[PDB]
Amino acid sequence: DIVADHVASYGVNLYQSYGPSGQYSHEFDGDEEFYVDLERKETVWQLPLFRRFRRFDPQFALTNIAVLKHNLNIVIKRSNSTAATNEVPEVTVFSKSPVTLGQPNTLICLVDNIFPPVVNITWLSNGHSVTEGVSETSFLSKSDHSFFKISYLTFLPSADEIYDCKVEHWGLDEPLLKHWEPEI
């Protein structure tokens, strides 16, 4: 319910027991600027624009995240181990641009209302999984404290090939298939 011209999270910090896994990123106007790799200890920028005059100390992330571990465990005890409630995810697939049979494009699969931040978004060409030409965003924050993740698949539209966003997440009984075709 807050009005502003631009909203940034100079600190999306996320730590959770399952794993344990965490994430650190900075978002600006609803877009991911970078994420910090928590093993390779490195800032991973999402636009080469930022890799021009700007860096960020990946150590700061690891310090932040190590604290979250500290503070999490404390609140687990304090809460009498109230576990997260597995919500149910909203899934779409659309193209990045108008589709012309024969001319290259990208499928965007948008898995929304994700909680907890644990999910297996995979792609499917004619029902055999594709792993090459894929790439996803990190977890993107939203103001009711769920998340969204977006996976991408570069493809050549042809009246021959048909695609499915297989999304695995505990909120669901079985893995969701959103399915997509070109029009012939």
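Throughout, we count residues from 1 along the sequence that is shown.
For the two regions 138-146 and 36-44, the entry's Cα B-factors average higher over 36-44. Annotation for 105-113 versus 84-92: the higher mean temperature factor (C-alpha) is found in 84-92. Among the modelled residues of the chain, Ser97 sits in the lowest third by CA temperature factor in this PDB entry.
Residue-level temperature factors show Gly11 in the lowest third of its chain, judged at the C-alpha atom. The PDB entry assigns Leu62 a C-alpha temperature factor belonging to the highest third of its chain's modelled residues. Remark: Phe155 belongs to the lowest third of its chain, ranked by C-alpha B-factor as recorded. When all modelled residues of the chain are sorted by CA temperature factor, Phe50 is found within the highest third.
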